[PDB]
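In what follows, a single structure is set out as structure tokens and then discussed.
Chains as they are written, first to last, in the authors' numbering: chain A, 21 to 202, 210 to 257; chain B, 21 to 103, 106 to 202, 210 to 256.
Structure below.
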């Protein structure tokens, strides 16, 4: 088994992904801007660890990665999940919102990836999963900048897979479609072949597979969107 | 008639693309960080404008797009061109930053400005020049591939957004082409077995701006069948 860092695990899909690595046998570390009732999990559910952190900061991520390595002695993988949304046509789009969007959604992820990748190269095995989006594959009006940042990570996946392959590390993307998280709903159900929203547990399941049993699979971008995109 | 802005077009593919648009009957406005000759073209082949400019400074792109819009009446298309080996574990945090700024935010800035001008006119054509690295995967081209593939996610998206206003948006992904070792592993790996020319890439670009009227949202490789 081993240890997995899941970025942005304090709520929503990240949290469901944390709660699924833990049941599966892995130690999990995670981080967010603010603490939620990860407080419960802090007591220990496969020994889990959580920290305040700002993902745009390199030396903070360095400390965090280091701590996670002291606490559990090892790293086996990374799930890049942390992303902030950006609705709005590019013409209404405030120039400063583009900058935050590149920093939160692309730069942090690349910083973390550089950090964890370093630890993965020591061990000589590991897997990375970048959680992306169907917007990175299809294109939706008003998600312009968000689509750029997601498709960027999907570009990183193919290239980084060629790079870390020879050192026994796999890298893949998971592109979730519409799932429930806390009445055009109808347009969605009708365009989805499976005719309903997905469940976080179904996305997390996909991720789990690609970390824990995806031995000859790398460079892939799999959509878990009830067929929405196909 | 018909004005195109082309990014970084003072040398290489940019510059080839520029001449190809002048020769085709378009007004072409371009920029770069530094001059180089081909200030020859200051006189104007088909009416030309060029200017030194830091593509990451939003004021500077604004002045450029305002001024050019005044010099030509309005804007019909944009060619996003402007453009780094190294493995992630060696890359310095600083090169991560400037690459993201130069190759990506610059491009978004310019896209935002020009797109507003294009909405005014009700028609037009954007072309993001990507790279076969945004499609396939090459080691040591991680951050470059990310920024290239970013501008393909944008294409698909902006196609959906600007489409109902008559602007079409497309990526061209060039493979290996002559640009001013004994790799022929690339000739063996290319069905046509020969590097491409800048003229060939620029030609597809011209087709997408000048006439592909029901083609949008695409990403086309000009790579000799390499991918």
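C-beta atoms are modelled at their ideal positions from N, C-alpha and C, and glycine is treated no differently.
{"Asked": "Which listed residue (B:240, B:250, B:57 and B:39) has its alpha carbon closest to that of residue 148 (chain B)", "Found": "B:240"}
{"Asked": "Chain-ordered neighbours of residue 160 (chain B) on chain A, where CB pairs are closer than 9 Å", "Found": "178, 179, 182 and 183"}
{"Asked": "C-beta neighbour in chain A for residue 174 (chain B), strict 8 Å", "Found": "yes"}
{"Asked": "N- and C-terminal bounds of the alpha helix (DSSP H) containing residue 228 (chain B)", "Found": "227-239"}
{"Asked": "Proximity test, residue 125 (chain A) beta-carbon vs the ligand SAH heavy atom, cut-off 7 Å", "Found": "Ligands are entirely absent from the displayed structure, and the ligand SAH is therefore not among its contents."}
{"Asked": "Beta-carbon gap between residue 23 (chain A) and residue 46 (chain A) smaller than 8 Å", "Found": "yes"}
{"Asked": "Per DSSP, cross-strand counterpart(s) of residue 23 (chain A)", "Found": "A:47"}
{"Asked": "CB-CB length for residue 100 (chain A) against residue 132 (chain A), believed under 8 Å", "Found": "7 Å"}
{"Asked": "Minimum Cβ-Cβ distance from residue 25 (chain B) to chain A less than 8 Å", "Found": "no"}
{"Asked": "Limits of the unbroken beta strand (DSSP E) element including residue 71 (chain A)", "Found": "68-72"}
{"Asked": "In DSSP terms, what residue 53 (chain A) is bridged to", "Found": "Its beta-bridge partners do not exist; DSSP assigns none."}
{"Asked": "Three-state secondary structure assigned by DSSP to residue 196 (chain B)", "Found": "strand"}
{"Asked": "Extent of the continuous beta strand (DSSP E) to which residue 249 (chain B) belongs", "Found": "248-251"}
{"Asked": "Rounded straight-line distance, which links the Cα of residue 41 (chain A) to that of residue 79 (chain A)", "Found": "27 Å"}
{"Asked": "Closer than 8 Å to chain B by CB, residue 164 (chain A)", "Found": "yes"}
{"Asked": "Meets three-Cβ-pair contact criterion under 8 Å: the segment 241-252 of chain A and the segment 48-64 of chain A", "Found": "no"}
{"Asked": "Buried or exposed (CB count within 10 angstroms, at least 16 for buried), residue 227 (chain A)", "Found": "buried"}
{"Asked": "Chain B contact for residue 147 (chain A) (CB, 8 Å cutoff)", "Found": "no"}
{"Asked": "Proximal chain B residues relative to residue 120 (chain A), where beta-carbon distance stays under 9 Å", "Found": "Those do not exist, as residue 120 (chain A) stays about 11 Å from chain B at its closest Cβ, beyond 9 Å."}
{"Asked": "Proximal residues of chain B, C-beta to C-beta of residue 78 (chain A) below 8 Å", "Found": "115"}
{"Asked": "Sequence ranges, alpha helix (DSSP H) only - wholly within the segment 146-193 of chain A, length at least 4", "Found": "164-184"}
{"Asked": "DSSP beta-bridge partners of residue 100 (chain B)", "Found": "B:150"}
{"Asked": "Contacts of residue 137 (chain A) in chain B (Cβ-Cβ under 8 Å)", "Found": "110 and 111"}
{"Asked": "Test: residue 200 (chain A) CB closer than 8 Å to a CB of chain B", "Found": "no"}
{"Asked": "Proximity test, Cβ basis, 8 Å: residue 156 (chain A) and chain B", "Found": "yes"}
{"Asked": "Any C-beta of chain A under 8 Å from that of residue 193 (chain B)", "Found": "no"}
{"Asked": "Local Cβ density within 10 Å of residue 243 (chain B), reported as buried at 16 or more and exposed below that", "Found": "exposed"}
{"Asked": "Near-chain A residues of the segment 235-250 of chain B (beta-carbon distance less than 9 Å), N- to C-terminal order", "Found": "246"}
{"Asked": "Range covered by the alpha helix (DSSP H) that runs through residue 217 (chain B)", "Found": "214-217"}
{"Asked": "Cα-Cα separation, residue 95 (chain B) to residue 185 (chain B)", "Found": "17 Å"}
{"Asked": "Interface flag, residue 21 (chain B) vs chain A, CB-CB below 8 Å", "Found": "no"}
{"Asked": "Within chain A, partners of residue 171 (chain B) - CB distance below 7 Å", "Found": "171, 172, 174 and 175"}
{"Asked": "Start-to-end residues for the alpha helix (DSSP H) that takes in residue 118 (chain A)", "Found": "115-122"}
{"Asked": "Nearest candidate by alpha-carbon position, reference residue 143 (chain B), set B:194, B:91 and B:189", "Found": "B:189"}
{"Asked": "Cβ-Cβ distance between residue 174 (chain A) and residue 171 (chain B) below 8 Å", "Found": "yes"}
{"Asked": "Rounded Cβ spacing between residue 136 (chain A) and residue 25 (chain A) (contact assumed at less than 8 Å)", "Found": "6 Å"}
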